[PDB]
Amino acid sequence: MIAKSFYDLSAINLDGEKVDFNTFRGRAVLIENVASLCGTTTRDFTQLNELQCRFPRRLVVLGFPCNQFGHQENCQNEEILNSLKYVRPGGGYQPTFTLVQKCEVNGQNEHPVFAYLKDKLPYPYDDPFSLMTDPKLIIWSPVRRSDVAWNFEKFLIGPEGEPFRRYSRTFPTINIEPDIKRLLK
């Protein structure tokens, strides 16, 4: 099931174009599962833009929209940029990083990128034990101990393709920067 190399992976962006992970060689990669109508939407989306603009050549920031966490991404793929631009964050917000087509990160149909990353990094560094306060919010099947717990978990991979660290829903995106710098030395 699981990719042998990070670089064997791929994804489809919102324009239907393939994102080939071979293009990530020599670059640090930040992957987050994202949601357009989450409580931390505005903050994480602003901070994802900031990070990508700070490291425009040496970092790839990639966001995977997902509706598994409080159903906070009910948009069709063709509606997501509109919602970000006009609703939340709103105010003309546009992503400067790559958003991919909506996927599942947990369960039987989880995206191969997330199967791979959860296998390499089975829990968040900052909060290894929490999964969910309200068990009703676990809606996928099967449920595994390594599952993404909410919108905006974060996976940092180094420039040689080795996943480095996973960060929880409570770990601010912008606070990943010191580890990005370290990996880019």
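Residue indices: 1-based, along the sequence shown.
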Original post:
Looking only at CA atoms, which has the higher mean B factor in the entry: 83 to 91 or 68 to 76?
Top reply: 68 to 76
Original post:
Which is higher in the entry, the mean Cα B factor of 41 to 49 or that of 55 to 63?
Top reply: 41 to 49
Original post:
Based on the entry's values, in what third of the chain does the Cα temperature factor of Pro122 lie: lowest, middle or highest?
Top reply: middle
**OP:** Select lowest, middle or highest to describe the third in which the CA B-factor of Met132 falls within its chain in this entry.
**Re:** lowest
Subject >> CA B-factor ranking of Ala11, expressed as a third of its chain >> reply: middle
Original post:
Lowest, middle or highest third: where is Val113 by C-alpha B factor in its chain?
Top reply: lowest
Original post:
Where does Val29 sit by CA temperature factor within its chain: lowest, middle or highest third?
Top reply: middle
